[PDB]
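Participant: Structure: query-v8.csv, CSV, C-alpha atoms and all ligand atoms.
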```
chain,number,residue,atom,x,y,z
A,3,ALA,CA,155.2,73.3,39.2
A,4,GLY,CA,157.3,70.4,37.8
A,5,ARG,CA,157.0,66.9,36.3
A,6,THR,CA,154.8,64.6,38.4
A,7,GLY,CA,154.5,61.4,36.2
A,8,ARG,CA,157.3,58.9,35.3
A,9,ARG,CA,160.5,60.4,34.0
A,10,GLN,CA,162.4,59.2,31.0
A,11,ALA,CA,166.1,58.9,31.3
A,12,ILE,CA,168.1,60.3,28.4
A,13,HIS,CA,171.0,58.2,27.0
A,14,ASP,CA,172.8,61.0,25.3
A,15,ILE,CA,171.5,64.5,26.0
B,1,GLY,CA,183.4,63.1,71.3
B,2,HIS,CA,180.1,62.0,69.8
B,9,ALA,CA,185.0,51.3,69.3
B,10,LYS,CA,182.7,48.8,67.6
B,11,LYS,CA,182.4,51.2,64.7
B,12,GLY,CA,186.1,50.7,63.8
B,13,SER,CA,186.0,46.9,63.8
B,14,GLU,CA,182.9,47.5,61.8
B,15,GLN,CA,185.1,49.3,59.2
B,16,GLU,CA,187.5,46.4,59.0
B,17,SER,CA,184.6,44.1,58.4
B,18,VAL,CA,183.4,46.3,55.5
B,19,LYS,CA,186.9,46.1,54.0
B,20,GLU,CA,186.9,42.4,54.3
B,21,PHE,CA,183.4,42.0,52.7
B,22,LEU,CA,184.3,44.3,49.8
B,23,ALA,CA,187.5,42.5,49.0
B,24,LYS,CA,185.6,39.2,48.9
B,25,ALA,CA,182.9,40.8,46.8
B,26,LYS,CA,185.5,42.1,44.3
B,27,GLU,CA,187.0,38.6,43.8
B,28,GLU,CA,183.6,37.1,43.0
B,29,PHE,CA,182.7,40.0,40.7
B,30,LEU,CA,185.9,39.8,38.7
B,31,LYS,CA,185.5,36.1,38.0
B,32,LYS,CA,182.2,36.7,36.4
B,33,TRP,CA,183.2,40.0,34.8
B,34,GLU,CA,186.1,38.4,32.9
B,35,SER,CA,184.2,35.3,31.7
B,36,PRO,CA,180.5,36.3,31.3
B,39,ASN,CA,172.9,32.8,25.5
B,40,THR,CA,171.2,31.0,28.4
B,41,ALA,CA,167.6,30.7,27.2
B,42,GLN,CA,165.1,31.1,24.3
B,43,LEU,CA,162.0,33.1,23.6
B,44,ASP,CA,159.7,30.0,23.1
B,45,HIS,CA,160.5,28.9,26.6
B,46,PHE,CA,158.2,31.6,28.1
B,47,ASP,CA,154.6,32.8,28.0
B,48,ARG,CA,154.1,36.6,27.9
B,49,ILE,CA,151.5,37.9,30.4
B,50,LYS,CA,151.5,41.6,30.9
B,51,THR,CA,153.6,44.7,30.2
B,52,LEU,CA,155.1,46.1,33.5
B,53,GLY,CA,157.0,49.1,32.3
B,54,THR,CA,157.9,50.8,29.0
B,55,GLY,CA,160.6,53.0,27.5
B,56,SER,CA,162.0,54.3,24.3
B,57,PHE,CA,163.6,51.0,23.5
B,58,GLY,CA,161.1,48.4,24.5
B,59,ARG,CA,159.2,47.0,27.5
B,60,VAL,CA,159.6,44.9,30.5
B,61,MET,CA,157.0,42.1,30.6
B,62,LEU,CA,155.8,39.7,33.2
B,63,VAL,CA,156.5,36.2,31.7
B,64,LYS,CA,156.0,32.7,32.9
B,65,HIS,CA,158.6,29.9,32.2
B,66,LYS,CA,156.7,27.1,30.4
B,68,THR,CA,158.8,25.3,35.1
B,69,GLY,CA,156.0,27.7,36.0
B,70,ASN,CA,158.3,30.3,37.6
B,71,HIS,CA,157.6,34.0,36.9
B,72,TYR,CA,160.2,36.4,35.6
B,73,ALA,CA,160.5,40.0,34.5
B,74,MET,CA,161.6,40.0,30.9
B,75,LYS,CA,163.2,43.1,29.4
B,76,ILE,CA,162.8,43.2,25.6
B,77,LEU,CA,165.0,45.6,23.7
B,78,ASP,CA,164.2,46.3,20.0
B,79,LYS,CA,167.6,46.2,18.3
B,80,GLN,CA,166.2,48.6,15.7
B,81,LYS,CA,165.4,51.2,18.3
B,82,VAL,CA,168.8,50.9,20.1
B,83,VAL,CA,170.3,53.0,17.3
B,84,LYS,CA,172.5,55.7,18.8
B,85,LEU,CA,176.1,54.9,19.8
B,86,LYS,CA,175.8,55.4,23.5
B,87,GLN,CA,172.4,53.6,23.5
B,88,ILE,CA,174.2,50.6,22.1
B,89,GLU,CA,177.2,50.7,24.5
B,90,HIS,CA,174.9,51.1,27.4
B,91,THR,CA,173.0,47.9,26.6
B,92,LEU,CA,176.2,45.9,26.6
B,93,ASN,CA,177.2,47.5,30.0
B,94,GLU,CA,173.8,46.5,31.5
B,95,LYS,CA,174.1,42.8,30.5
B,96,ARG,CA,177.7,42.4,31.6
B,97,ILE,CA,177.3,44.2,34.9
B,98,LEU,CA,174.1,42.3,35.8
B,99,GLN,CA,175.6,38.9,35.1
B,100,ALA,CA,178.5,39.7,37.4
B,101,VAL,CA,177.1,41.4,40.5
B,102,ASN,CA,175.4,39.8,43.5
B,103,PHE,CA,173.9,41.8,46.4
B,104,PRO,CA,170.6,41.6,48.4
B,105,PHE,CA,169.2,44.8,47.0
B,106,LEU,CA,170.1,44.4,43.2
B,107,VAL,CA,167.7,42.5,40.9
B,108,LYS,CA,169.0,39.1,39.8
B,109,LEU,CA,169.5,38.4,36.1
B,110,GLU,CA,168.6,34.8,35.4
B,111,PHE,CA,168.9,34.5,31.6
B,112,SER,CA,169.9,36.5,28.5
B,113,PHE,CA,169.7,35.7,24.8
B,114,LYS,CA,168.9,37.4,21.5
B,115,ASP,CA,167.2,36.7,18.2
B,116,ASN,CA,166.9,38.4,14.8
B,117,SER,CA,165.0,41.4,16.2
B,118,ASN,CA,165.5,41.7,20.0
B,119,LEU,CA,167.8,41.4,23.0
B,120,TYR,CA,166.3,39.8,26.1
B,121,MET,CA,167.3,40.0,29.7
B,122,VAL,CA,165.3,37.8,32.0
B,123,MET,CA,165.3,38.9,35.7
B,124,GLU,CA,163.6,37.8,38.9
B,125,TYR,CA,160.1,39.2,39.2
B,126,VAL,CA,159.7,41.6,42.1
B,127,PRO,CA,155.9,41.9,42.6
B,128,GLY,CA,155.7,44.8,45.0
B,129,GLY,CA,155.7,47.5,42.3
B,130,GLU,CA,157.9,50.5,41.8
B,131,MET,CA,158.6,52.8,44.8
B,132,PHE,CA,157.4,55.5,42.4
B,133,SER,CA,153.8,54.6,42.4
B,134,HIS,CA,153.6,54.0,46.2
B,135,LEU,CA,155.3,57.4,46.8
B,136,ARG,CA,153.0,59.2,44.4
B,137,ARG,CA,149.9,57.5,45.9
B,138,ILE,CA,150.7,58.3,49.5
B,139,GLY,CA,152.4,61.7,48.9
B,140,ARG,CA,155.6,61.4,50.9
B,141,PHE,CA,157.2,59.0,53.3
B,142,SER,CA,158.0,59.7,56.9
B,143,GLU,CA,161.6,60.3,57.7
B,144,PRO,CA,162.0,56.8,59.3
B,145,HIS,CA,160.4,55.2,56.2
B,146,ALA,CA,162.6,57.2,53.8
B,147,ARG,CA,165.7,56.4,55.9
B,148,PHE,CA,165.0,52.6,55.8
B,149,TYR,CA,165.0,52.8,51.9
B,150,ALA,CA,167.9,55.3,51.8
B,151,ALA,CA,170.1,52.9,53.9
B,152,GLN,CA,169.6,50.1,51.3
B,153,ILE,CA,170.7,52.5,48.6
B,154,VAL,CA,173.8,53.6,50.6
B,155,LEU,CA,174.9,50.0,51.0
B,156,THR,CA,174.1,49.2,47.3
B,157,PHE,CA,176.3,52.1,46.1
B,158,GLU,CA,179.0,51.2,48.6
B,159,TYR,CA,179.1,47.8,47.0
B,160,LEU,CA,178.9,49.0,43.4
B,161,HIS,CA,181.5,51.8,43.8
B,162,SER,CA,183.9,49.3,45.4
B,163,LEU,CA,183.7,47.3,42.1
B,164,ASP,CA,184.3,50.6,40.3
B,165,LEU,CA,180.7,50.5,39.0
B,166,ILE,CA,178.7,53.7,38.8
B,167,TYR,CA,174.9,53.3,38.6
B,168,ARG,CA,173.8,56.7,37.1
B,169,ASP,CA,170.0,56.4,37.1
B,170,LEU,CA,168.8,56.4,40.7
B,171,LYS,CA,165.1,57.4,41.1
B,172,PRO,CA,161.9,55.9,42.5
B,173,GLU,CA,160.9,54.5,39.1
B,174,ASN,CA,163.9,52.1,39.2
B,175,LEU,CA,163.4,50.9,42.8
B,176,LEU,CA,161.1,47.9,43.2
B,177,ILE,CA,159.6,46.8,46.5
B,178,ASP,CA,159.9,43.0,47.3
B,179,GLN,CA,157.7,40.7,49.3
B,180,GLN,CA,159.5,41.7,52.5
B,181,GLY,CA,159.2,45.4,51.9
B,182,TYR,CA,162.8,45.8,50.9
B,183,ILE,CA,164.2,47.5,47.7
B,184,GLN,CA,165.5,45.9,44.6
B,185,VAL,CA,167.4,48.2,42.3
B,186,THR,CA,166.6,47.5,38.6
B,187,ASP,CA,167.3,49.1,35.3
B,188,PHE,CA,171.1,49.0,34.9
B,189,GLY,CA,171.0,50.7,31.5
B,190,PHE,CA,173.2,53.6,32.6
B,191,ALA,CA,175.5,51.6,34.9
B,192,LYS,CA,179.2,51.5,33.9
B,193,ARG,CA,182.6,50.4,35.1
B,194,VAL,CA,184.6,53.6,35.6
B,195,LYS,CA,187.9,53.6,37.4
B,196,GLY,CA,188.5,57.3,36.9
B,197,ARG,CA,186.1,59.6,35.2
B,198,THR,CA,183.5,59.2,32.4
B,199,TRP,CA,182.0,61.7,30.0
B,200,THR,CA,178.7,60.5,28.6
B,201,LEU,CA,175.9,63.1,29.0
B,202,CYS,CA,173.2,60.7,30.4
B,203,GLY,CA,170.6,60.1,33.1
B,204,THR,CA,167.3,61.6,34.2
B,205,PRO,CA,167.1,65.4,34.3
B,206,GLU,CA,165.8,65.9,37.9
B,207,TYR,CA,168.6,63.5,39.2
B,208,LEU,CA,171.7,64.8,37.2
B,209,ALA,CA,174.5,66.2,39.2
B,210,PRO,CA,175.7,69.6,38.0
B,211,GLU,CA,179.0,68.3,36.6
B,212,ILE,CA,177.1,66.1,34.2
B,213,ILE,CA,175.0,69.0,33.0
B,214,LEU,CA,178.1,71.2,32.5
B,215,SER,CA,179.8,68.6,30.3
B,216,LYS,CA,182.6,67.9,32.8
B,217,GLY,CA,184.1,64.5,33.2
B,218,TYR,CA,182.6,63.0,36.3
B,219,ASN,CA,182.8,60.0,38.7
B,220,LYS,CA,180.9,58.1,41.3
B,221,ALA,CA,180.1,61.3,43.2
B,222,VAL,CA,177.2,61.7,40.8
B,223,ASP,CA,175.5,58.7,42.4
B,224,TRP,CA,175.8,60.4,45.8
B,225,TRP,CA,174.3,63.7,44.5
B,226,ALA,CA,171.4,61.5,43.1
B,227,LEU,CA,171.0,59.9,46.6
B,228,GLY,CA,170.4,63.5,47.9
B,229,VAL,CA,167.8,64.0,45.2
B,230,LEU,CA,166.1,60.6,46.1
B,231,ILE,CA,166.0,61.2,49.8
B,232,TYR,CA,164.6,64.7,49.3
B,233,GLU,CA,161.9,63.3,47.0
B,234,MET,CA,161.0,60.4,49.3
B,235,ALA,CA,160.6,62.8,52.3
B,236,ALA,CA,159.0,65.7,50.4
B,237,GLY,CA,157.1,63.9,47.7
B,238,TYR,CA,158.8,66.0,45.0
B,239,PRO,CA,162.4,66.4,44.1
B,240,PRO,CA,164.5,69.5,45.0
B,241,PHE,CA,165.0,70.8,41.4
B,242,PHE,CA,161.5,70.8,40.0
B,243,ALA,CA,160.3,72.4,36.8
B,244,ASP,CA,158.2,71.8,33.7
B,245,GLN,CA,161.0,71.6,31.1
B,246,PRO,CA,164.4,69.9,31.3
B,247,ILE,CA,166.3,73.1,30.5
B,248,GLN,CA,164.6,74.8,33.5
B,249,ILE,CA,165.5,71.8,35.7
B,250,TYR,CA,169.1,72.1,34.6
B,251,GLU,CA,169.4,75.8,35.4
B,252,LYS,CA,168.1,75.1,38.9
B,253,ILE,CA,170.6,72.3,39.5
B,254,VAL,CA,173.6,74.3,38.5
B,255,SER,CA,172.7,77.1,40.8
B,256,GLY,CA,172.1,74.5,43.5
B,257,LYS,CA,170.0,76.8,45.7
B,258,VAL,CA,168.0,74.1,47.5
B,259,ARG,CA,165.0,75.0,49.6
B,260,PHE,CA,163.6,72.5,52.0
B,261,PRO,CA,160.0,71.8,53.2
B,262,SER,CA,159.3,73.2,56.7
B,263,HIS,CA,158.7,69.7,58.0
B,264,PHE,CA,162.2,68.4,57.2
B,265,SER,CA,164.2,67.8,60.3
B,266,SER,CA,167.4,69.8,60.7
B,267,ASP,CA,169.4,66.5,60.7
B,268,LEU,CA,167.9,65.7,57.3
B,269,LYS,CA,168.6,69.1,55.9
B,270,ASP,CA,172.2,68.9,57.0
B,271,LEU,CA,172.7,65.6,55.3
B,272,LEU,CA,171.0,66.8,52.1
B,273,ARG,CA,173.1,70.0,52.0
B,274,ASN,CA,176.2,67.8,52.0
B,275,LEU,CA,174.9,65.5,49.3
B,276,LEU,CA,173.5,68.2,47.1
B,277,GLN,CA,176.8,70.0,47.2
B,278,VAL,CA,178.0,71.5,43.9
B,279,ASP,CA,181.6,71.7,45.2
B,280,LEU,CA,183.1,68.2,44.8
B,281,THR,CA,185.8,68.9,47.4
B,282,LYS,CA,182.9,69.2,49.9
B,283,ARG,CA,180.4,66.6,48.6
B,284,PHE,CA,179.7,63.7,51.0
B,285,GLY,CA,180.6,60.3,49.6
B,286,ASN,CA,183.5,62.0,47.7
B,287,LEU,CA,185.8,62.9,50.6
B,288,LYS,CA,188.7,61.1,52.3
B,289,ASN,CA,186.3,59.2,54.6
B,290,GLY,CA,184.2,58.1,51.5
B,291,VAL,CA,180.9,56.5,52.3
B,292,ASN,CA,181.4,56.7,56.0
B,293,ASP,CA,180.6,60.4,56.0
B,294,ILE,CA,177.2,59.3,55.0
B,295,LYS,CA,176.9,56.2,57.1
B,296,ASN,CA,178.0,58.1,60.3
B,297,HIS,CA,175.8,61.1,59.7
B,298,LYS,CA,173.4,62.0,62.5
B,299,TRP,CA,170.4,61.4,60.3
B,300,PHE,CA,171.5,57.7,60.2
B,301,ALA,CA,172.3,57.4,63.9
B,302,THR,CA,169.4,55.0,64.4
B,303,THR,CA,170.3,52.9,61.4
B,304,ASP,CA,171.8,49.4,62.0
B,305,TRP,CA,173.7,49.0,58.8
B,306,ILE,CA,174.4,45.3,59.3
B,307,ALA,CA,170.8,44.5,60.3
B,308,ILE,CA,169.6,46.2,57.1
B,309,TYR,CA,172.0,44.2,55.0
B,310,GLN,CA,170.9,41.0,56.8
B,311,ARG,CA,167.2,42.0,56.2
B,312,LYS,CA,166.5,41.8,60.0
B,313,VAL,CA,164.7,45.1,60.2
B,314,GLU,CA,160.9,45.3,60.0
B,315,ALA,CA,159.9,47.1,56.8
B,316,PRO,CA,157.6,50.2,56.8
B,317,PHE,CA,155.1,48.2,54.8
B,318,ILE,CA,154.7,45.0,52.9
B,319,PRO,CA,153.0,45.1,49.6
B,320,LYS,CA,149.9,43.0,49.2
B,321,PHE,CA,150.0,40.0,46.9
B,322,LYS,CA,147.3,37.5,45.8
B,323,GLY,CA,149.7,34.9,44.4
B,324,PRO,CA,152.5,34.2,42.0
B,325,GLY,CA,152.2,36.3,38.9
B,326,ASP,CA,150.1,39.0,40.7
B,327,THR,CA,150.5,42.3,38.8
B,328,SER,CA,148.2,44.4,41.0
B,329,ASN,CA,151.0,46.6,42.3
B,330,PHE,CA,152.0,47.8,38.7
B,331,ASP,CA,150.3,50.3,36.5
B,332,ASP,CA,148.9,49.3,33.0
B,333,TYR,CA,150.6,49.9,29.7
B,334,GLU,CA,149.6,49.5,26.1
B,335,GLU,CA,150.5,46.1,24.7
B,336,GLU,CA,152.3,45.4,21.4
B,337,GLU,CA,152.9,41.9,20.1
B,338,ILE,CA,156.5,40.9,19.6
B,339,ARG,CA,157.5,40.3,15.9
B,340,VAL,CA,160.7,38.4,15.2
B,341,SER,CA,161.9,39.3,11.7
B,342,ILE,CA,162.8,36.6,9.2
B,343,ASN,CA,166.1,38.5,8.8
B,344,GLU,CA,168.7,39.2,11.5
B,345,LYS,CA,168.9,42.9,12.5
B,346,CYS,CA,172.0,44.8,13.7
B,347,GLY,CA,173.9,41.6,14.2
B,348,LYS,CA,177.3,43.5,14.1
B,349,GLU,CA,176.4,46.1,16.8
B,350,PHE,CA,175.3,43.4,19.3
B,351,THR,CA,177.8,40.6,18.7
B,352,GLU,CA,179.1,40.6,22.3
B,353,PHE,CA,175.6,40.3,23.8
C,401,LIG,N1,161.5,51.0,35.9
C,401,LIG,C1,161.1,49.6,36.3
C,401,LIG,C2,160.6,48.7,35.2
C,401,LIG,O1,161.6,48.8,34.2
C,401,LIG,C3,160.4,47.3,35.6
C,401,LIG,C4,159.2,46.8,36.0
C,401,LIG,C5,159.0,45.6,36.5
C,401,LIG,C6,160.1,44.8,36.7
C,401,LIG,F1,160.0,43.6,37.4
C,401,LIG,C7,161.4,45.2,36.4
C,401,LIG,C8,161.5,46.5,35.8
```
As a first step, turn the structure in this file into structure tokens.

Facilitator:
Amino acid sequence: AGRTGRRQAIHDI
Amino acid sequence: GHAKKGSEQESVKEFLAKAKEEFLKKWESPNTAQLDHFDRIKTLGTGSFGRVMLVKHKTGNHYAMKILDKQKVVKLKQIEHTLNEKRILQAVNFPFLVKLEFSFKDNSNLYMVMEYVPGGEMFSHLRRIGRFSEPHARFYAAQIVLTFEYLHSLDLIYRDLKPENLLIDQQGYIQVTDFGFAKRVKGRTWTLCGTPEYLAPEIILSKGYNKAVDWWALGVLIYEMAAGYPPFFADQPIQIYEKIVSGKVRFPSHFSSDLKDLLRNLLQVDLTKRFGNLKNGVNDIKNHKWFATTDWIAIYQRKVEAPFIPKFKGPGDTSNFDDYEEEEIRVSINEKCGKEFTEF
């Protein structure tokens, strides 16, 4: 049970 | 024990020293087109800061144009990262890195015009088929190993490896794109950035970190290519982060033991033990048993038959890309954020 679609990168978490 | 391999290591050194000299000439001495020179065809990918579009040079050649809205690139690190991407892409040259052709800006936007790679993202092929066989995944992984060996030798870290950023070309080979997180780092760096499932534990823990985060991400990528899902897998980023920092990886029962051994050494929270980060550097990966069938030079020279070749109907074919909502570009009468983007 996790993310299956495209994943957004984060520039400053 | 388990002759040519050592002459092979001298040849690597020789190639990398020549690569560094070419890179440094372009890095030291980096507005080569204009918007009206291109027709905009279809959006190929989107993000928080803009889109990448298929465009056609009004020469006829097709390109992938990344359009960044200067008014969305607002946070400090978002701005620095954009300058990194342009300066790195204009200076590197390698068979598995996308080629930047042109860059320019106007009142509203930054533009980076790259070669169009029509085979689609690895991401959609992998999600469509489920998972790749170990020989299939190995072929792609070998190209990433060589690409990182190249980038790290120039002191560049890549920092966003994942199937979304890997395009398949007309020969079935990979082209790495999306250098928005890439950076020249001779020691450590401190920005908390990347894609949650792919972050090494030291990033999450706010520790200064180095190129070893790329090798951890290679472990995530190989696992995802061979399993169809990544090793730290949860609904919410905070849950993903907890799993990563424990680093208690479980493997599918169909993974070979050679694959599991490589992955345990890449997905190693202890940096004094992580492959790619030790005294033998990349060679601990290249000489691992899971890669024993890999002809590194033949991959580099593109002599190896690819697992599959994407189907293409002609130039400008977009059939291997998903669809995205379109939004017309609006160039403001007034220049925006001219100060932040003066070096672009
Ligand atoms: N994540 C890949 C997306 O940004 C992209 C799509 C198509 C392309 F030719 C370049 C980049």

Participant: Just want the residues within 6 Å of ligand LIG 401 (chain C), written as a PyMOL selection string, counting only C-alpha atoms and all ligand atoms.

Facilitator: chain B and resi 52-53+60+73+125-126+173-174+186-187

Participant: Specify the axis-aligned box that encloses all atoms of region 61-69 of chain B listed in the file after padding of 8 Å on each side, stating its centre and edge lengths in Å to one decimal as AutoDock Vina command-line options.

Facilitator:
```
--center_x 157.3 --center_y 33.7 --center_z 33.2 --size_x 19.0 --size_y 32.8 --size_z 21.6
```

Participant: Using all atoms listed in the file, which chain B residues lie at most 10 Å away from chain A, written as a VMD selection string?

Facilitator: chain B and resid 54 to 56 84 to 88 90 132 to 133 136 168 to 169 171 to 173 189 to 190 200 to 207 213 237 to 239 241 to 246 248 to 249

Participant: When you look at region 191-194 of chain B with a cut-off of 10 Å (counting only C-alpha atoms), what residues show up, excluding the ones that are within fewer than 2 positions of it in the same chain? I need them as a PyMOL selection string.

Facilitator: chain B and resi 89-98+160-161+163-169+187-189+196-198+203+218-220

Participant: For the atom pair CA of residue 70 (chain B) and CA of residue 129 (chain B), what is the interatomic distance in Å to one decimal place?

Facilitator: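 Computing it gives 18.0 Å between the two atoms.
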
Participant: One number please: CA of residue 208 (chain B) to CA of residue 334 (chain B), in Å, one decimal.

Facilitator: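 For CA of residue 208 (chain B) relative to CA of residue 334 (chain B), the distance reads 29.1 Å.
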
Participant: Figure out the distance between CA of residue 118 (chain B) and CA of residue 58 (chain B), please, to one decimal in Å.

Facilitator: 9.2 Å

Participant: Could you write chain A as a compact mmCIF listing (two decimals), in the frame of the given file, with N, CA and C atoms rebuilt where they are missing?

Facilitator:
```
# COMPACT_ATOMS: atom_id res chain seq x y z
N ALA A 3 155.59 73.54 40.55
CA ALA A 3 155.20 73.30 39.20
C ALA A 3 156.32 72.56 38.40
N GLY A 4 156.26 71.23 38.43
CA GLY A 4 157.30 70.40 37.80
C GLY A 4 156.66 69.08 37.27
N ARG A 5 157.50 68.12 36.93
CA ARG A 5 157.00 66.90 36.30
C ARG A 5 156.56 65.86 37.39
N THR A 6 155.26 65.45 37.36
CA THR A 6 154.80 64.60 38.40
C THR A 6 154.68 63.10 37.99
N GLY A 7 154.69 62.80 36.69
CA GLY A 7 154.50 61.40 36.20
C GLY A 7 155.93 60.80 36.05
N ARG A 8 155.97 59.60 35.43
CA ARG A 8 157.30 58.90 35.30
C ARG A 8 158.18 59.69 34.39
N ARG A 9 159.45 59.67 34.72
CA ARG A 9 160.50 60.40 34.00
C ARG A 9 161.41 59.55 33.22
N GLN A 10 161.59 59.94 31.94
CA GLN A 10 162.40 59.20 31.00
C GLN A 10 163.84 59.60 31.18
N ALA A 11 164.71 58.60 31.22
CA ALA A 11 166.10 58.90 31.30
C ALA A 11 166.60 59.12 29.85
N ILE A 12 167.64 59.94 29.68
CA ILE A 12 168.10 60.30 28.40
C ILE A 12 169.52 59.67 28.20
N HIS A 13 169.73 58.88 27.13
CA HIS A 13 171.00 58.20 27.00
C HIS A 13 172.12 59.04 26.43
N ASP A 14 171.78 60.15 25.79
CA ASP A 14 172.80 61.00 25.30
C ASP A 14 172.11 62.37 25.02
N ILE A 15 172.25 63.28 25.97
CA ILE A 15 171.50 64.50 26.00
C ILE A 15 171.88 65.46 24.87
```
